[PDB]
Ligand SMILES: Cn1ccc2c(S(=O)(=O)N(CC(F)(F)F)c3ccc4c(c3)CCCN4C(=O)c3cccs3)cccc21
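One chain is shown next in structure tokens, namely the form solved without this ligand.
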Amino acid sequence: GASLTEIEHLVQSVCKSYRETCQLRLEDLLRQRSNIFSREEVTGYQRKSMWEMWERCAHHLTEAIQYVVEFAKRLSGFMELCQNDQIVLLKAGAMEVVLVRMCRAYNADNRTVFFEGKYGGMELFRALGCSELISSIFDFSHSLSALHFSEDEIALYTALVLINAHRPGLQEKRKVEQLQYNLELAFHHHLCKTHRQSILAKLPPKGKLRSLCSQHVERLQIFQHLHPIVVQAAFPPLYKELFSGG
């Protein structure tokens, strides 16, 4: 039973937790927009082996996930849930938060994403052999970029993506519903205060984030069948914990 004063404190707390756990400052990503991979560099990426490209991408995803774990740990009320629930929420939601955070590193003007120090198009990722997954992620990032999120809106929205009381496996489901309700109030209060309530209808449905995560696990399984020793010997242990089952 949170009050208006407590709701405003929650807004500031979430926004602070987010700013502290950004891998890249938004200003740094915007200032790098003219730093684009040349045609020779794109060709170099396309000539990389499928296994080398998968390992590089899994490493980059793992680094991004580590920041999401830290965001969760700083998130008001998350560390108060039992460890089983903390792990359920991170296993189901870490990739979804990374997918939303990715729109900051996406330049809708030329359809490029910041990857390994420069901006490149989806053609940079051709060696992975998961064209449908890559194009869906780029489409998703393009659609989110059209919302023109502020950093505070991403902070509030990503807190809600993570604190989802519907995840299967939660033991303290009511405690999570209460935290989710308070974060929903904080988010909707901020939108109301900044006259941005129009974005509510424009946010992706939860099924969209679920579809993208499911496609990622499916393409990982195909790669794992082709190069099992690459996954075992060369994929990050956190990545295997979240997406292979250890």
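Numbers for residues come from their place in the sequence shown, where the first is 1. Only residues modelled in both forms are compared. Each form is matched to the other, and the largest set of C-alpha atoms that superpose within 1.5 Å is called the rigid core.
Absent from the display: the form deposited with this ligand bound. The rest refers to it.
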In the entry with it bound, does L99 come within 4.5 Å of this ligand, counting heavy atoms only? yes
Touches this ligand in the entry with it bound: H60 (any heavy atom, 4.5 Å): yes
In the entry with it bound, does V217 come within 4.5 Å of this ligand, counting heavy atoms only? yes
I'd like to check something about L160: if you look in the entry with it bound, is any of its heavy atoms closer than or equal to 4.5 Å to a heavy atom of this ligand? no
Which one, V113, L81, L75, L170, lies within 4.5 Å of this ligand in the entry with it bound by heavy atoms? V113
When the two are fit on their core, where are the runs of 3+ residues whose C-alphas each shift at least 2 angstroms between the shown form and the other one? 215-223
